Protein chains: 2
Amino acid sequence: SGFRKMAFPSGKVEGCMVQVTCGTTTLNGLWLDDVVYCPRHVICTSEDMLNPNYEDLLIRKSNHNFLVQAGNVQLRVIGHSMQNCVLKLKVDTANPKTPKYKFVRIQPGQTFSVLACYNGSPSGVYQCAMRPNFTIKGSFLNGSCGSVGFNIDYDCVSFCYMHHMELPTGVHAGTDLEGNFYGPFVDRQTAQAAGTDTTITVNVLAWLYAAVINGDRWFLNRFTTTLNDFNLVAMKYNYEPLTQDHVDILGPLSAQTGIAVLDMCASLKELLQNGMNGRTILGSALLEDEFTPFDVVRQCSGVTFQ
Amino acid sequence: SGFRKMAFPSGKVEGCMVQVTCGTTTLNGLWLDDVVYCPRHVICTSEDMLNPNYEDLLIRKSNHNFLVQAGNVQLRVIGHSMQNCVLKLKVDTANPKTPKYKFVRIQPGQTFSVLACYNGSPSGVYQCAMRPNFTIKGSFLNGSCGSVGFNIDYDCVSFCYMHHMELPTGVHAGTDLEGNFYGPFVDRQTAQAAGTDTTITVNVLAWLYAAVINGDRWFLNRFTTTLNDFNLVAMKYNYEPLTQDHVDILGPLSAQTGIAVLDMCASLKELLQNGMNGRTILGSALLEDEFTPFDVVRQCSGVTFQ
Ligand SMILES: *[C@](O)(C(=O)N1CCC1)[C@H](C[C@@H]1CCNC1=O)NC(=O)[C@@H]1[C@@H]2[C@H](CN1C(=O)[C@@H](NC(=O)C(F)(F)F)C(C)(C)C)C2(C)C
Ligand SMILES: *[C@](O)(C(=O)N1CCC1)[C@H](C[C@@H]1CCNC1=O)NC(=O)[C@@H]1[C@@H]2[C@H](CN1C(=O)[C@@H](NC(=O)C(F)(F)F)C(C)(C)C)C2(C)C
Ligand SMILES: [Cl-]
C-alpha cells in the first residue's frame, strides 16, 4: 500500500546525457547511437535569443564549433543539421549505452518522467503531466535546456519531451524529439503566455480509484450519473470533458474495484459541488490530476522495467 | 523556477539490484562488490513469519539453498551470515557496476530516494522522509522487500534504508544496511503500530524558503519571534521543537533570501494559528515537511551527480 508520485528509473536515460557547448552557450544533449540531439538555441548568444534567425546562425557554424563532452571524453562532431527546433550533431562514436528507444509525441493529459540535468550531469528525476495548455509544471534552472522527458515500457525508452524554456507562472515549454513545440510557443525570448489550464478529469478519476485501492473510501456516494450530466457539471469547474475513450481506459481500474466509471463520476461530481469539507484523499487536500489510469495500474500492480 | 518532489537519479542503484530466492520466498537484494544484502525473512515460509526463530531457520540452510539472479545470470553463493535483520550472501562474482558507496544510519527528518523493485527489477523512484516515529510513507507491494533508500553526494551512494514491512495506516518500516530497524519494530508478522507522528518543523521552514525563492511570498508577515515563543506555539500543533542546530542549518537559505530564520518562524506561527485561508503555497493547500534544507538548496541551485 501507499501511493506516491513515482518517476521511472532514470538509469537508461542517464547513460545518454552529454554536455554540448557552442561558443559560450552550454546546455545538455541526448546521445543515441551516433547522434546528439539538443535545443537549436545552443547556437545563440544572449543577444541573439531576443529574435534569432536560426538558419542564419547555423550556416555560420561548422562541425568543429560544437564541443560535445561525455564525461572527460570529447566526441568529434562530423555532421550537423536542424530539424524544426532541435539540432542533430552526428558524432564519430556510437553511444554504447544506447537503450532500445523510440521518439513519441504525447497527448495532453499524458505523464512522463523528467531527468533534470546541468552540464550533461543529472540533478534529479520527477514525474510531470503534459497540461491541456501544452505546458509542464517542471523544476528547471538556467543550464537545464536539453533535459528530456520519457516513459519506459519493459526495456524501451519512449522519449517525448526536450526542455527549451520557462513561461510566466514558472511553467515550462519544450518540444518532442523531432523539435516540434508542444503548444503555440516559439524558441524566442519574447512575451508569451500559456492559455488558461484545465483539470485532466480522467486522471482525477484514476487517482480516486487509487484512493479506493488504498482504503480511502469516504467520498464514495450511493449514486450513478450519465456521462452527459457529469460533463455539464464538470465544465463549470474547468474540468476536461470525459469522453467514451476515457471511460474505456478506466475499465481495468473499474473492474478491479467493482466501481462503475459513472458511479465514480457521481462521487467526483459531489466533491466538485460540495468540496472536501476539510478532508484529504491519499494525504491531499486538493484533487490530483497528474496520475494517468496506466500510472495507477503500474504503481498498484508493481510493473517493472528490464 | 518550479519546485517538485525530486528523487536522486537511480542509475547507480539500478546496477546493484538482484533477485534472491530461498525455497519459495523471493525478494530483492543489493549486490555491492562480492556481497548480496537482503532482508533475513527471505529464509521464512508464510507460516514461519508469524513468529520466526531466524538463527534456527538459517542453521538449516547452506550456500546452495540461496538462488541469486542478476538478469539471466545466477551468482554462485559461497558464504552466508546474518547481521541483525539482514542476510549477507558472499558470491563468487564482484558486481562490476558497484558505485562508490557508504552505509549510513539517517536521523528522523532526513530524506532519501527509494528505488521500488520487484523480482530484482526497478518499478519506480520516489523521495521519502524518515518520519519522527521512524516510519516512511512509501509505496510498496508484496515482493518489494529488499528495495533500498539512498542519497547521492557527487559520485558516492549513501545507502540508508532497506525495506522490510508495512504497518497499519499503510506506512513502512525497515533497517539500515547493518540490519538495525529504524524505530522499535521487529521483523515478525504480529500486531505493531507506529507512535503518533510529528511535523518536521525545520523542513516546513526550508519549504517556505523554497516558496519565497519561487516568488510565492503572500504568507511573509512583518514580525519576528524568539526561538522560545516559536517552540511553545508550535508544540500545540504537534510540530517538532526547532533547535539552534536547525536554525544554523537554515543559514544558507536565510542568507540567500535575506529573511532571518526567526522572521520565517513568525510567519509559520501565523500560518499555524490562522491557517492558510483557502490559499496554497507552491501549489499545496497543506504545509509540506518532506524537503530538507539541503533538498531545497540542491533543487534551487541545480546540484548534479557524477
Ligand atoms: C535554456 O536556454 C538553458 O538552460 N540554457 C543554458 C544555456 C541556455 C533555458 C532554460 C530556462 C531558464 C530558466 N528556466 C528555464 O527553464 N531557456 C531559456 O533561457 C529560453 C531561451 C531564450 C529565452 N528562454 C526562456 O526560457 C525565457 N522565457 C521566455 O522568454 C518566455 F517563456 F516567456 F517566452 C526566460 C529566460 C525569460 C525565462 C529561449 C526561448 C531561446
Ligand atoms: C516483504 O516480505 C516482501 O516484499 N516479500 C516478497 C517475499 C516477502 C513484505 C513487504 C510488504 C507486503 C505489503 N507491503 C509491504 O511493504 N513484507 C512483509 O510481508 C512483512 C514480513 C512479515 C509480515 N510483513 C508485513 O509487512 C506485515 N506487517 C505486519 O505484520 C506489521 F507491520 F503490522 F507488523 C503485513 C504483511 C501484515 C503487512 C515480516 C514482518 C517478516
Ligand atoms: Cl495538498
# chains A, B, ... in the order shown; residues from 1 in each chain; ligands from 1

call {"tool": "residues_near_ligand", "arguments": {"ligand": "ligand 2", "cutoff": "7 Å", "atoms": "only C-alpha atoms and all ligand atoms", "output": "PyMOL selection string"}}
result
(chain A and resi 1) or (chain B and resi 25-27+41-42+49+140-145+164-168+172+186-193)

call {"tool": "write_last_selection", "arguments": {"atoms": "C-alpha atoms", "output": "mmCIF file, in the first residue's frame"}}
result
data_model
loop_
_atom_site.group_PDB
_atom_site.id
_atom_site.type_symbol
_atom_site.label_atom_id
_atom_site.label_comp_id
_atom_site.auth_asym_id
_atom_site.auth_seq_id
_atom_site.Cartn_x
_atom_site.Cartn_y
_atom_site.Cartn_z
ATOM 1 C CA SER A 1 0.000 0.000 0.000
ATOM 2 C CA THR B 25 10.296 -16.921 -0.940
ATOM 3 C CA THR B 26 11.645 -14.373 -3.481
ATOM 4 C CA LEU B 27 12.573 -10.746 -2.769
ATOM 5 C CA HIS B 41 12.938 -13.056 6.237
ATOM 6 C CA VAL B 42 13.849 -14.457 2.775
ATOM 7 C CA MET B 49 6.750 -15.215 9.648
ATOM 8 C CA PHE B 140 5.360 -0.882 -1.524
ATOM 9 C CA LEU B 141 3.553 -4.095 -2.549
ATOM 10 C CA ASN B 142 4.279 -7.765 -1.769
ATOM 11 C CA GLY B 143 7.642 -8.576 -3.459
ATOM 12 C CA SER B 144 9.167 -5.104 -2.657
ATOM 13 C CA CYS B 145 11.233 -6.235 0.402
ATOM 14 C CA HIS B 164 11.100 -4.998 5.349
ATOM 15 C CA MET B 165 7.415 -4.390 6.267
ATOM 16 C CA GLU B 166 4.114 -2.485 6.153
ATOM 17 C CA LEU B 167 2.360 -1.203 9.346
ATOM 18 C CA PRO B 168 -1.278 -0.104 9.977
ATOM 19 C CA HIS B 172 6.516 1.323 6.118
ATOM 20 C CA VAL B 186 10.628 -6.249 14.679
ATOM 21 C CA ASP B 187 10.550 -8.492 11.552
ATOM 22 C CA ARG B 188 7.625 -10.625 12.783
ATOM 23 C CA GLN B 189 4.049 -10.766 11.470
ATOM 24 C CA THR B 190 2.381 -9.566 14.719
ATOM 25 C CA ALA B 191 0.369 -6.502 15.929
ATOM 26 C CA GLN B 192 2.710 -3.448 15.746
ATOM 27 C CA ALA B 193 1.694 0.226 15.418
#

call {"tool": "residues_near_ligand", "arguments": {"ligand": "ligand 3", "cutoff": "10 Å", "atoms": "only C-alpha atoms and all ligand atoms", "output": "PDB file with N, CA and C atoms, in the first residue's frame"}}
result
ATOM      1  N   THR A 280      -9.021  14.958   3.500  1.00  0.00           N
ATOM      2  CA  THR A 280      -7.968  14.666   2.489  1.00  0.00           C
ATOM      3  C   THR A 280      -8.309  13.345   1.808  1.00  0.00           C
ATOM      4  N   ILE A 281      -7.757  13.153   0.625  1.00  0.00           N
ATOM      5  CA  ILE A 281      -7.810  11.854  -0.104  1.00  0.00           C
ATOM      6  C   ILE A 281      -6.364  11.508  -0.425  1.00  0.00           C
ATOM      7  N   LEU A 282      -5.892  10.352   0.058  1.00  0.00           N
ATOM      8  CA  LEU A 282      -4.477   9.922  -0.078  1.00  0.00           C
ATOM      9  C   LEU A 282      -3.541  11.036   0.380  1.00  0.00           C
ATOM     10  N   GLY A 283      -3.884  11.711   1.473  1.00  0.00           N
ATOM     11  CA  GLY A 283      -3.000  12.724   2.079  1.00  0.00           C
ATOM     12  C   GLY A 283      -3.135  14.109   1.472  1.00  0.00           C
ATOM     13  N   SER A 284      -3.865  14.271   0.356  1.00  0.00           N
ATOM     14  CA  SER A 284      -4.008  15.567  -0.357  1.00  0.00           C
ATOM     15  C   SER A 284      -5.333  16.252  -0.015  1.00  0.00           C
ATOM     16  N   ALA A 285      -5.281  17.565   0.196  1.00  0.00           N
ATOM     17  CA  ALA A 285      -6.455  18.430   0.437  1.00  0.00           C
ATOM     18  C   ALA A 285      -7.028  18.911  -0.902  1.00  0.00           C
ATOM     19  N   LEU A 286      -6.328  18.728  -2.017  1.00  0.00           N
ATOM     20  CA  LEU A 286      -6.780  19.096  -3.386  1.00  0.00           C
ATOM     21  C   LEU A 286      -6.868  17.813  -4.212  1.00  0.00           C
ATOM     22  N   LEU A 287      -7.714  17.809  -5.236  1.00  0.00           N
ATOM     23  CA  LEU A 287      -7.850  16.653  -6.164  1.00  0.00           C
ATOM     24  C   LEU A 287      -6.630  16.644  -7.074  1.00  0.00           C
ATOM     25  N   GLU A 288      -6.026  15.486  -7.284  1.00  0.00           N
ATOM     26  CA  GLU A 288      -4.773  15.361  -8.073  1.00  0.00           C
ATOM     27  C   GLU A 288      -5.125  14.938  -9.489  1.00  0.00           C
TER      28      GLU A 288
ATOM     29  N   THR B 280      -2.883  28.558  -1.274  1.00  0.00           N
ATOM     30  CA  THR B 280      -1.857  27.494  -1.453  1.00  0.00           C
ATOM     31  C   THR B 280      -0.478  28.138  -1.365  1.00  0.00           C
ATOM     32  N   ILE B 281       0.515  27.323  -1.066  1.00  0.00           N
ATOM     33  CA  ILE B 281       1.950  27.721  -1.127  1.00  0.00           C
ATOM     34  C   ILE B 281       2.623  26.686  -2.016  1.00  0.00           C
ATOM     35  N   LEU B 282       3.234  27.136  -3.119  1.00  0.00           N
ATOM     36  CA  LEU B 282       3.843  26.245  -4.140  1.00  0.00           C
ATOM     37  C   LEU B 282       2.848  25.170  -4.565  1.00  0.00           C
ATOM     38  N   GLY B 283       1.583  25.543  -4.739  1.00  0.00           N
ATOM     39  CA  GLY B 283       0.559  24.622  -5.265  1.00  0.00           C
ATOM     40  C   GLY B 283      -0.095  23.751  -4.206  1.00  0.00           C
ATOM     41  N   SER B 284       0.410  23.736  -2.962  1.00  0.00           N
ATOM     42  CA  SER B 284      -0.110  22.872  -1.869  1.00  0.00           C
ATOM     43  C   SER B 284      -1.030  23.651  -0.927  1.00  0.00           C
ATOM     44  N   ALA B 285      -2.138  23.027  -0.535  1.00  0.00           N
ATOM     45  CA  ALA B 285      -3.105  23.558   0.448  1.00  0.00           C
ATOM     46  C   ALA B 285      -2.670  23.167   1.866  1.00  0.00           C
ATOM     47  N   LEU B 286      -1.707  22.265   2.031  1.00  0.00           N
ATOM     48  CA  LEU B 286      -1.151  21.829   3.341  1.00  0.00           C
ATOM     49  C   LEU B 286       0.330  22.204   3.369  1.00  0.00           C
ATOM     50  N   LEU B 287       0.882  22.399   4.562  1.00  0.00           N
ATOM     51  CA  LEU B 287       2.329  22.702   4.740  1.00  0.00           C
ATOM     52  C   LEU B 287       3.102  21.410   4.511  1.00  0.00           C
ATOM     53  N   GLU B 288       4.186  21.468   3.754  1.00  0.00           N
ATOM     54  CA  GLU B 288       4.972  20.264   3.379  1.00  0.00           C
ATOM     55  C   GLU B 288       6.161  20.141   4.315  1.00  0.00           C
TER      56      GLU B 288
END

call {"tool": "atom_distance", "arguments": {"atom1": "atom CA of residue B:107", "atom2": "atom CA of residue B:160"}}
result
9.8 Å

call {"tool": "atom_distance", "arguments": {"atom1": "atom CA of residue B:81", "atom2": "atom CA of residue B:60"}}
result
12.6 Å

call {"tool": "interface_residues", "arguments": {"of": "chain A", "to": "chain B", "cutoff": "9 Å", "atoms": "only C-alpha atoms", "output": "ChimeraX atom specification"}}
result
/A:1-15,71,115-119,121-127,137-144,166,169-172,214,284-286,298-306

call {"tool": "atom_distance", "arguments": {"atom1": "atom CA of residue A:113", "atom2": "atom CA of residue B:72"}}
result
27.6 Å

call {"tool": "residues_around", "arguments": {"residues": "residue A:265", "least_positions_apart": "3", "cutoff": "12 Å", "atoms": "only C-alpha atoms", "output": "ChimeraX atom specification"}}
result
/A:201-206,208-209,219-234,241-242,246-247,250,254,259-262,268-272

call {"tool": "write_last_selection", "arguments": {"atoms": "C-alpha atoms", "output": "CSV table (one decimal), in the first residue's frame"}}
result
chain,number,residue,atom,x,y,z
A,201,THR,CA,-10.7,14.7,-15.5
A,202,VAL,CA,-9.7,11.1,-16.5
A,203,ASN,CA,-6.6,11.4,-14.2
A,204,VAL,CA,-8.6,12.7,-11.3
A,205,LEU,CA,-10.9,9.6,-11.7
A,206,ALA,CA,-7.8,7.3,-11.9
A,208,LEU,CA,-9.9,8.3,-6.9
A,209,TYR,CA,-9.6,4.6,-7.9
A,219,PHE,CA,-16.0,10.1,-0.7
A,220,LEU,CA,-17.9,7.2,-2.4
A,221,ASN,CA,-21.6,8.1,-2.7
A,222,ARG,CA,-24.7,5.9,-3.4
A,223,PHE,CA,-25.5,7.5,-6.8
A,224,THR,CA,-24.7,7.0,-10.5
A,225,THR,CA,-24.9,9.7,-13.3
A,226,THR,CA,-24.9,9.9,-17.1
A,227,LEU,CA,-21.8,10.9,-18.9
A,228,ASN,CA,-23.8,13.8,-20.3
A,229,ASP,CA,-24.9,15.1,-16.8
A,230,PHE,CA,-21.4,14.6,-15.4
A,231,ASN,CA,-19.8,16.7,-18.3
A,232,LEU,CA,-22.4,19.6,-17.9
A,233,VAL,CA,-21.5,19.8,-14.2
A,234,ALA,CA,-17.7,19.4,-14.6
A,241,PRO,CA,-14.9,16.7,-21.0
A,242,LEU,CA,-14.7,13.0,-20.2
A,246,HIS,CA,-11.6,7.9,-21.3
A,247,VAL,CA,-14.4,5.7,-19.8
A,250,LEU,CA,-10.7,3.5,-16.8
A,254,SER,CA,-13.3,-0.1,-12.6
A,259,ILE,CA,-17.0,0.6,-9.1
A,260,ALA,CA,-18.5,1.5,-12.4
A,261,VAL,CA,-16.9,4.6,-14.0
A,262,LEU,CA,-20.2,6.5,-14.0
A,268,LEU,CA,-16.5,13.3,-8.3
A,269,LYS,CA,-19.5,15.5,-9.1
A,270,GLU,CA,-20.4,15.6,-5.4
A,271,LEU,CA,-16.7,16.6,-4.5
A,272,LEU,CA,-16.8,19.3,-7.1

call {"tool": "select_by_dssp", "arguments": {"residues": "stretch 92-235 of chain B", "states": "alpha helix (DSSP H)", "output": "ChimeraX atom specification"}}
result
/B:201-213,227-235

call {"tool": "residues_around", "arguments": {"residues": "residue A:37", "least_positions_apart": "3", "cutoff": "8 Å", "atoms": "only C-alpha atoms", "output": "NGL selection string"}}
result
:A and (29-31 or 86-89 or 146 or 177)

call {"tool": "residues_around", "arguments": {"residues": "residue A:69", "least_positions_apart": "4", "cutoff": "10 Å", "atoms": "only C-alpha atoms", "output": "PyMOL selection string"}}
result
chain A and resi 17-21+28-29+73-76+119-120

call {"tool": "write_last_selection", "arguments": {"atoms": "C-alpha atoms", "output": "PDB file, in the first residue's frame"}}
result
ATOM      1  CA  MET A  17      23.219  12.637 -21.372  1.00  0.00           C
ATOM      2  CA  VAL A  18      26.125  14.762 -22.720  1.00  0.00           C
ATOM      3  CA  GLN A  19      27.181  18.427 -22.472  1.00  0.00           C
ATOM      4  CA  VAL A  20      27.028  20.488 -25.701  1.00  0.00           C
ATOM      5  CA  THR A  21      28.843  23.868 -25.997  1.00  0.00           C
ATOM      6  CA  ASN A  28      22.524  19.301 -22.335  1.00  0.00           C
ATOM      7  CA  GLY A  29      22.301  16.886 -25.278  1.00  0.00           C
ATOM      8  CA  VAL A  73      35.775  12.458 -23.393  1.00  0.00           C
ATOM      9  CA  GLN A  74      35.176  14.914 -26.289  1.00  0.00           C
ATOM     10  CA  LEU A  75      33.083  13.406 -29.153  1.00  0.00           C
ATOM     11  CA  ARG A  76      34.225  14.614 -32.606  1.00  0.00           C
ATOM     12  CA  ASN A 119      26.355  20.450 -17.834  1.00  0.00           C
ATOM     13  CA  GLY A 120      25.396  16.962 -19.048  1.00  0.00           C
TER      14      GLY A 120
END

call {"tool": "select_by_dssp", "arguments": {"residues": "stretch 58-273 of chain B", "states": "strand (DSSP E)", "output": "tab-separated table (two decimals) with N, CA and C atoms, in the first residue's frame"}}
result
chain	number	residue	atom	x	y	z
B	66	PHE	N	20.35	-20.71	-1.49
B	66	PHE	CA	20.10	-19.31	-1.88
B	66	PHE	C	20.34	-19.17	-3.37
B	67	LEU	N	19.28	-18.89	-4.10
B	67	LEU	CA	19.38	-18.62	-5.55
B	67	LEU	C	19.44	-17.11	-5.77
B	68	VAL	N	20.55	-16.61	-6.32
B	68	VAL	CA	20.74	-15.17	-6.63
B	68	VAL	C	20.80	-14.99	-8.14
B	69	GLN	N	19.87	-14.21	-8.69
B	69	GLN	CA	19.88	-13.97	-10.16
B	69	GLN	C	20.12	-12.49	-10.45
B	70	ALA	N	21.08	-12.20	-11.33
B	70	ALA	CA	21.32	-10.85	-11.91
B	70	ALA	C	21.02	-10.93	-13.40
B	73	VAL	N	21.65	-14.33	-15.32
B	73	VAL	CA	22.87	-14.94	-14.72
B	73	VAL	C	22.59	-15.29	-13.26
B	74	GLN	N	22.88	-16.54	-12.88
B	74	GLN	CA	22.85	-16.99	-11.47
B	74	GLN	C	24.22	-16.70	-10.88
B	75	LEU	N	24.28	-16.15	-9.68
B	75	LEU	CA	25.54	-15.88	-8.95
B	75	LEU	C	25.70	-17.01	-7.95
B	77	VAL	N	26.51	-18.59	-4.67
B	77	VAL	CA	26.69	-18.19	-3.24
B	77	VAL	C	27.78	-19.07	-2.62
B	78	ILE	N	28.77	-18.46	-1.98
B	78	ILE	CA	29.96	-19.18	-1.44
B	78	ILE	C	30.14	-18.85	0.04
B	79	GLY	N	29.18	-18.18	0.67
B	79	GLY	CA	29.20	-17.89	2.11
B	79	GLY	C	27.94	-17.16	2.52
B	80	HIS	N	27.54	-17.25	3.77
B	80	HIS	CA	26.31	-16.58	4.26
B	80	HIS	C	26.51	-16.28	5.73
B	81	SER	N	25.99	-15.14	6.17
B	81	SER	CA	25.91	-14.79	7.60
B	81	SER	C	24.77	-13.79	7.78
B	82	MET	N	24.29	-13.70	9.01
B	82	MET	CA	23.20	-12.80	9.41
B	82	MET	C	23.79	-11.67	10.24
B	83	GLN	N	23.52	-10.42	9.87
B	83	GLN	CA	23.89	-9.25	10.70
B	83	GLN	C	22.59	-8.56	11.12
B	86	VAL	N	19.52	-8.37	8.58
B	86	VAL	CA	19.90	-8.54	7.16
B	86	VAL	C	20.81	-9.75	7.00
B	87	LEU	N	20.62	-10.42	5.88
B	87	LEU	CA	21.40	-11.58	5.45
B	87	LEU	C	22.45	-11.05	4.48
B	88	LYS	N	23.69	-11.51	4.64
B	88	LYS	CA	24.80	-11.21	3.71
B	88	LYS	C	25.18	-12.50	3.01
B	89	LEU	N	25.01	-12.53	1.70
B	89	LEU	CA	25.41	-13.68	0.86
B	89	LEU	C	26.69	-13.30	0.13
B	90	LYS	N	27.79	-13.96	0.46
B	90	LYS	CA	29.04	-13.79	-0.31
B	90	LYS	C	28.83	-14.57	-1.59
B	91	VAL	N	29.11	-13.95	-2.72
B	91	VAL	CA	29.00	-14.57	-4.05
B	91	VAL	C	30.39	-14.59	-4.71
B	100	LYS	N	30.90	3.88	-6.09
B	100	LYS	CA	31.42	4.32	-4.77
B	100	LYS	C	30.22	4.38	-3.81
B	101	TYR	N	30.33	3.82	-2.61
B	101	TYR	CA	29.16	3.73	-1.70
B	101	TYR	C	29.59	3.76	-0.24
B	102	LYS	N	28.64	4.11	0.63
B	102	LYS	CA	28.75	4.04	2.10
B	102	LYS	C	27.43	3.52	2.65
B	103	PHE	N	27.45	2.94	3.84
B	103	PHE	CA	26.24	2.65	4.64
B	103	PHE	C	26.14	3.73	5.68
B	111	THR	N	15.67	12.99	4.44
B	111	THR	CA	15.00	12.45	3.24
B	111	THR	C	15.96	11.53	2.50
B	112	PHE	N	15.41	10.72	1.62
B	112	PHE	CA	16.18	9.83	0.74
B	112	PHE	C	15.25	9.43	-0.41
B	113	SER	N	15.85	8.90	-1.48
B	113	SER	CA	15.12	8.32	-2.62
B	113	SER	C	14.96	6.81	-2.39
B	114	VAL	N	13.81	6.28	-2.73
B	114	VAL	CA	13.57	4.81	-2.73
B	114	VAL	C	13.50	4.34	-4.17
B	115	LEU	N	14.22	3.27	-4.50
B	115	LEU	CA	14.06	2.57	-5.79
B	115	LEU	C	13.22	1.35	-5.51
B	116	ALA	N	11.92	1.47	-5.76
B	116	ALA	CA	10.97	0.36	-5.55
B	116	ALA	C	11.26	-0.71	-6.60
B	117	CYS	N	11.47	-1.94	-6.17
B	117	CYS	CA	11.85	-3.09	-7.02
B	117	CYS	C	10.97	-4.31	-6.74
B	118	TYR	N	10.77	-5.13	-7.76
B	118	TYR	CA	10.07	-6.46	-7.71
B	118	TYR	C	10.89	-7.44	-8.55
B	121	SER	N	14.02	-6.17	-10.27
B	121	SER	CA	13.87	-5.17	-11.36
B	121	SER	C	13.19	-3.92	-10.80
B	122	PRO	N	13.67	-2.72	-11.16
B	122	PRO	CA	13.01	-1.47	-10.75
B	122	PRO	C	11.61	-1.19	-11.32
B	123	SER	N	10.69	-0.76	-10.46
B	123	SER	CA	9.34	-0.28	-10.81
B	123	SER	C	9.35	1.26	-10.89
B	124	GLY	N	10.03	1.93	-9.96
B	124	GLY	CA	9.96	3.40	-9.91
B	124	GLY	C	10.81	3.99	-8.81
B	125	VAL	N	10.92	5.32	-8.81
B	125	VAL	CA	11.75	6.05	-7.83
B	125	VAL	C	10.88	7.15	-7.26
B	126	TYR	N	10.97	7.35	-5.96
B	126	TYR	CA	10.31	8.49	-5.28
B	126	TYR	C	11.10	8.87	-4.04
B	127	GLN	N	10.82	10.07	-3.56
B	127	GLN	CA	11.50	10.68	-2.41
B	127	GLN	C	10.62	10.43	-1.18
B	128	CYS	N	11.26	10.06	-0.06
B	128	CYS	CA	10.66	9.78	1.27
B	128	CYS	C	11.39	10.56	2.36
B	129	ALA	N	10.75	10.75	3.51
B	129	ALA	CA	11.39	11.22	4.76
B	129	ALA	C	11.33	10.11	5.81
B	148	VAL	N	15.83	-0.53	-1.65
B	148	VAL	CA	16.66	0.31	-0.74
B	148	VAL	C	16.36	1.80	-0.93
B	149	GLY	N	16.69	2.55	0.10
B	149	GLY	CA	16.69	4.02	0.13
B	149	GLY	C	18.12	4.54	0.11
B	150	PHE	N	18.36	5.69	-0.49
B	150	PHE	CA	19.75	6.20	-0.70
B	150	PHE	C	19.71	7.71	-0.89
B	151	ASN	N	20.85	8.33	-0.64
B	151	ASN	CA	21.22	9.70	-1.03
B	151	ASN	C	22.44	9.58	-1.93
B	152	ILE	N	22.64	10.52	-2.85
B	152	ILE	CA	23.90	10.57	-3.63
B	152	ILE	C	24.60	11.88	-3.26
B	153	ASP	N	25.90	11.81	-3.02
B	153	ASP	CA	26.76	13.02	-2.87
B	153	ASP	C	27.86	12.90	-3.95
B	156	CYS	N	29.11	9.34	-4.85
B	156	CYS	CA	29.02	8.38	-3.73
B	156	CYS	C	27.56	8.15	-3.33
B	157	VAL	N	27.14	6.89	-3.40
B	157	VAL	CA	25.79	6.45	-2.94
B	157	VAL	C	25.88	6.09	-1.47
B	158	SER	N	25.16	6.86	-0.64
B	158	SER	CA	24.94	6.57	0.79
B	158	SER	C	23.64	5.77	0.91
B	159	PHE	N	23.73	4.47	1.15
B	159	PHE	CA	22.55	3.61	1.37
B	159	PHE	C	22.11	3.76	2.81
B	160	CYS	N	20.83	4.09	3.03
B	160	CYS	CA	20.34	4.36	4.39
B	160	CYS	C	19.14	3.52	4.78
B	161	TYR	N	18.53	2.80	3.86
B	161	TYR	CA	17.27	2.08	4.21
B	161	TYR	C	17.20	0.81	3.39
B	162	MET	N	16.72	-0.28	3.99
B	162	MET	CA	16.27	-1.47	3.24
B	162	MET	C	14.86	-1.79	3.72
B	163	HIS	N	13.96	-2.06	2.78
B	163	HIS	CA	12.53	-2.21	3.10
B	163	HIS	C	12.23	-3.60	3.64
B	164	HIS	N	11.51	-3.70	4.76
B	164	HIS	CA	11.10	-5.00	5.35
B	164	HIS	C	9.58	-5.17	5.52
B	165	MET	N	8.82	-4.12	5.84
B	165	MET	CA	7.42	-4.39	6.27
B	165	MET	C	6.50	-3.18	6.13
B	166	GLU	N	5.21	-3.48	6.19
B	166	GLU	CA	4.11	-2.49	6.15
B	166	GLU	C	3.32	-2.54	7.46
B	167	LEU	N	3.11	-1.38	8.07
B	167	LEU	CA	2.36	-1.20	9.35
B	167	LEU	C	0.94	-0.72	9.06
B	171	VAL	N	1.85	2.62	6.29
B	171	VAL	CA	3.21	3.21	6.38
B	171	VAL	C	4.19	2.04	6.51
B	172	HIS	N	5.48	2.34	6.41
B	172	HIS	CA	6.52	1.32	6.12
B	172	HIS	C	7.64	1.40	7.14
B	173	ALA	N	8.27	0.26	7.33
B	173	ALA	CA	9.37	0.10	8.29
B	173	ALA	C	10.46	-0.76	7.68
B	174	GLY	N	11.69	-0.42	8.04
B	174	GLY	CA	12.84	-1.17	7.59
B	174	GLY	C	14.07	-0.83	8.39
B	175	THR	N	15.21	-1.25	7.86
B	175	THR	CA	16.50	-1.23	8.55
B	175	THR	C	17.49	-0.33	7.82

call {"tool": "closest_residue", "arguments": {"among": "A:147, A:196, A:65, A:93", "to": "ligand 1", "atoms": "only C-alpha atoms and all ligand atoms"}}
result
A:147

call {"tool": "closest_residue", "arguments": {"among": "B:36, B:264, B:211, B:57", "to": "residue B:95", "atoms": "only C-alpha atoms"}}
result
B:36
